[PDB]
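Undergrad: In the first instance, please consider these chains from the complex; the rest will follow:
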Amino acid sequence: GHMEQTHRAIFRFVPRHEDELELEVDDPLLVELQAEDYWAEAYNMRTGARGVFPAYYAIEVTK
């Protein structure tokens, strides 16, 4: 099928590290993995970037 948004970013996140996913508030995200260390692995549907971010920076949207 198609890429479906799973989450929305609610806080700004600016990477310090090469594996991180930059977030702006309101970014639509497709979260691929919620890791046990409370990082999320995702595709940012605004930028097309992929990476990890601190998991409490996004809320689930389930249309």
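TA: In hand now; what should we look at? Numbers count the residues shown, from 1 in each chain, chains lettered A, B, ... in the order given.

Undergrad: Only C-alpha atoms from now on, for both contacts and neighbour counts.
TA: OK.

Undergrad: ok, how many other residues are close to residue A:36?
TA: Using other C-alpha atoms under 10 Å, residue A:36 has 7 other residues around it.

Undergrad: what's the answer for residue A:2, then?
TA: Neighbour number of residue A:2 under other C-alpha under 10 Å is 4.

Undergrad: do you know how far it is from residue A:10?
TA: Noted for residue A:2: a distance of 24 Å to residue A:10, by C-alpha to C-alpha, to the nearest Å.

Undergrad: before we move on, what about residue A:54?
TA: 11 Å.

Undergrad: swap in residue A:19?
TA: 20 Å.

Undergrad: So between the two, which is more surrounded?
TA: Taking other C-alpha under 10 Å, residue A:19 and residue A:10 do not tie; residue A:10 has more neighbours (16 against 12).

Undergrad: what's the span of stretch A:51-63, first residue to last?
TA: 23 Å.

Undergrad: here's chain B, drop it on:
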Amino acid sequence: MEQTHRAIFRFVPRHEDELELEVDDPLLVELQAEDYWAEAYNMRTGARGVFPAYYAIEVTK
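TA: Okay, chain B now, added to the rest:
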């Protein structure tokens, strides 16, 4: 050295520079950096490092 902040979310480092947080951890924040990372001392663990800034709230002075 008195508490400035309280952790509100669990944060487990992936990176060398990061500060581990448990919920309710007392923090002394030295810098709120312009890239939305906080630079702090965890007053429970005695560790120093950085964490994503919205993981801590200011305490009632």
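
Undergrad: Please reconsider the neighbour count of residue A:36 now that chain B is part of the model.
TA: By other C-alpha atoms under 10 Å in any protein chain shown, the residues close to residue A:36 number 8.

Undergrad: And stretch A:20-34, what's buried?
TA: Buried positions in stretch A:20-34, judged by neighbour count with 16 or more other C-alpha atoms under 10 Å in any protein chain shown: A:20, A:21, A:22, A:23, A:24, A:27, A:28, A:29, A:30, A:31.

Undergrad: So what touches it?
TA: The contact list for stretch A:20-34 (C-alpha atoms under 8 Å, 6 or more residues apart in numbering or on different chains) reads A:3-15, A:40-46, A:49-53, A:55.

Undergrad: now residue A:43, nearest residue through space, not along the chain?
TA: residue A:50 (4.4 Å; C-alpha to C-alpha, 6 or more residues apart in numbering or on different chains).

Undergrad: Please tabulate the buried residues of stretch A:20-34 in JSON lines, including the columns secondary structure.
TA: Output for the buried residues of stretch A:20-34, formatted as JSON lines (DSSP: H, G, I helix; E, B strand; the rest coil):
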{"residue": "A:20", "secondary structure": "strand"}
{"residue": "A:21", "secondary structure": "coil"}
{"residue": "A:22", "secondary structure": "coil"}
{"residue": "A:23", "secondary structure": "strand"}
{"residue": "A:24", "secondary structure": "coil"}
{"residue": "A:27", "secondary structure": "coil"}
{"residue": "A:28", "secondary structure": "strand"}
{"residue": "A:29", "secondary structure": "strand"}
{"residue": "A:30", "secondary structure": "strand"}
{"residue": "A:31", "secondary structure": "strand"}
